[PDB]
Every structure is written in C-alpha cells, then in structure tokens.
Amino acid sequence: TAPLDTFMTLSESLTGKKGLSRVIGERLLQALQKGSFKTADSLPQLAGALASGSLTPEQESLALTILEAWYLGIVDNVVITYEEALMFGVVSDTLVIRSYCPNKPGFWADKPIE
C-alpha cells in the first residue's frame, strides 16, 4: 500500500463514490503533498480513525481537505481537474458544467424533478 493505495481507499470512504480515477487521484495526491501528508503516517492514521471511532479536529480537518480536492477539483488555487470534479456529478441531472453544452436542446423551461 503506497501513498496512492491508501489515498484512493480513504477517498472511496469519504466521497462514497466507487470508480474514482487513479489518473486524477495521483494528481490530487501529488498536489496535496505540497502542503499536506508531510509524515508517511498521517494517511494510514487518518484511514484508521475515519474507519471505526472518531477523529481529532485536525484529522477531520484533513478528511475535509481530501473531500474538498475531489469536489472542487482545485488544490492551492490550481485546477487539477475541471470536468471530473465531483460536485458537478452531484447535480448532472439538472445543471451543466459551464462551457460544456448538454447534447439535448438544453430545455431549461421545465422545473427539475427531485
């Protein structure tokens, strides 16, 4: 279990999404390793605490840092991914990603259902 293995399973827990890109996962890890995960213990430790039990305000602060990176797709004011950012995926049924058309006529006059 390299840093990537642990990162990627943490991310599957924290985000709840199965099939997150490892091509993007590697990029978010490397970007985050500028400012976070300075120890080689912090990630395995966060995986443990996040599993059964509770987190320190500093462990929950790191969880958030990881979620934040997958949802917004930005680390340290640098776009890692635009199109594959998870927040877009959460409202894909109703909202588009600005600068990408829906393949439909758009049709925005309808009230979204759910």
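All residue numbers refer to positions in the sequence shown, first residue = 1.
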If you average the CA temperature factors over each stretch, which comes out higher, 17-25 or 99-107?
99-107
On average, are the C-alpha B-factors higher in 67-75 or in 47-55?
47-55
Between 30, 39, 81, 61, which one tops the list for Cα B-factor in this entry?
39
Within this chain, which third does the Cα B-factor at residue 113 fall in: lowest, middle or highest?
highest
Sorting the chain's modelled residues by C-alpha B-factor, tell me whether residue 2 ends up in the lowest, middle or highest third.
highest
